[PDB]
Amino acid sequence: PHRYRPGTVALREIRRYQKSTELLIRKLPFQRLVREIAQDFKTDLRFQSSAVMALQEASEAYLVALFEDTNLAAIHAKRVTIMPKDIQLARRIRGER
């Protein structure tokens, strides 16, 4: 059977997702996460449709940029595999932790 080497399909995905703009997290699961979190600050809250979309657009852009910095941290340690220590390093240096 035909089998692509480890890494070859990942490079394809990167090229594929860096070219597109669609959101990469399914909308309903995200909308559920949003509602439960808000419920802890005020109950019986309704959300405009655009309101939830703004939160997804912001969260995804935030996570995407964080992975960029996380990637540099892993590459800095002479790796090509991101790990928790890479995300932590990036957040610490950003001034988030």
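In case it trips you up, residue 1 is the first one in the sequence shown, and so on.
Higher mean CA temperature factor, per the PDB entry, when comparing 2-10 with 86-94: 2-10. According to the PDB record, 41-49 carries the higher mean C-alpha B-factor of the two stretches 62-70 and 41-49.
Per the deposited record, the Cα B-factor of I75 falls in the lowest third when ranked against the other modelled residues of its chain. For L33, the recorded CA temperature factor ranks within the highest third of the chain's modelled residues.
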